[PDB]
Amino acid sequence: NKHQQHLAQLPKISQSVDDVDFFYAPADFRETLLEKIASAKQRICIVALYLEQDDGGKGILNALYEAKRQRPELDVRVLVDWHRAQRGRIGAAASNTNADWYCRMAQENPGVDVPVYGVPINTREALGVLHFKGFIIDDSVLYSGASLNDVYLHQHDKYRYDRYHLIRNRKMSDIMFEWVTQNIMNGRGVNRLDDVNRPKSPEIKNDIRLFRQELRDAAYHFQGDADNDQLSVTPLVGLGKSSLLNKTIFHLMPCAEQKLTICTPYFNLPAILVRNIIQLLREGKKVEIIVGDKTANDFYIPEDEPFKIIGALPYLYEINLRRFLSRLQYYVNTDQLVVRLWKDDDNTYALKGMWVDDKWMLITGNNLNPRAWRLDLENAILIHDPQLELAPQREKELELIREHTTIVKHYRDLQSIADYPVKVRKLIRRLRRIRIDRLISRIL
């Protein structure tokens, strides 16, 4: 079996069960992060899509400044997306940016250096973003898809559901930390957001081009020290067709002997992944797909509030799901295909991951969409648990993930375009007439 061989031959870093901690809620993740910031003695590397200027973001940044204040020799770095940091939300009131905020924070803390870098994966945000996940603190990585804001940290009443794994592993964290240092920190495109005279994009357009071309080769290189019959972790990083992550995602699915479970908050599977699923289904195996309700998509705008064009995305992601469910309705009937809609009032959904049987767990920022396949800098940690040492945590986590879901029993239980609000419905129909929906899909 060529797929199983790929996995068997992946380099693997030995992992102690006692150096792996699951957390099951945003608040716990927040507290853990604050716990580790205060405790860190060597380094703190925060890579995130963004670090918002809200109570959540402030909480984390204040704690970083405080850590550096009490340990000047501490190596503290924040890396966020260059483009995202220099704008407000799409279709919101143009405002003070996070980058401006980063500048005020430096000014307001004169003695203490917490460099905030901005990482452009492409010259336009829409064609590439920093989707590298990981908070690297000393010998450990607190790993999550979460960015740093109110909802992701559950600062107040609303939350955004992600996953949270802390892994103490000297070798892995070193590999991840050094990679970030070598391939991002010093690198053409990367500029400091905590500087009022930071450049604009026209000046670095060619720096970004060469940066992307070097990241096209983005990979980790390390010797394996663990065999395929012991708990291990395999850090994976990638961008584009050369991504080892994407190839590992590809080969994982067919390795399922019983069941595959997939999480994504943006359901838009590349054809090659859909074929994997169909294969599994045709072999009598089970496939579980846990996606958010459109109302739990962070692009969703309620009927109440004025409609904005970006608010059409969750509808498109649902169209994708309904089309996918309609094709495979037989397997829903046989109870092999289980599609779960997640919804918890107006809380939002951001879960990623793959589970292959009870043996592999992929924790990743990868949303298994065209964005991750072609555009964005993605990473992951692949946990191999052959002796089932993490079974209590795996089972507990999935139990909690599934709690606020309902199983789709037929595809027509999902709304069709006809049922959508008049402005959305109209917009979407026009896009489908002139096949623009097929085009936009590639950046979704």
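The first residue of the sequence shown is number 1, and the count goes up from there.
Per the PDB record, of the two stretches 235 to 243 and 193 to 201, 193 to 201 carries the greater mean B-factor over its C-alpha atoms. The PDB entry reports B-factors from which the mean C-alpha value can be compared for 306 to 314 and 162 to 170; the larger average falls on 306 to 314. Out of 296, 93, 339, 269, the entry records its largest CA B-factor for 93. Taking only the listed residues 213, 149, 261, 144, the entry reports the highest CA temperature factor at 213. When the CA B factors of the chain's modelled residues are split into thirds, the value for residue 370 lands in the middle one. Among all modelled residues in its chain, residue 13 ranks in the middle third by Cα B-factor.
In this PDB entry, the Cα temperature factor of residue 326 sits in the middle third of its chain's modelled residues. In the PDB entry, a CA B factor belonging to the lowest third of its chain's modelled residues is recorded for residue 352. Ranked within its chain, residue 276 lands in the middle third, by CA B factor from the PDB record.
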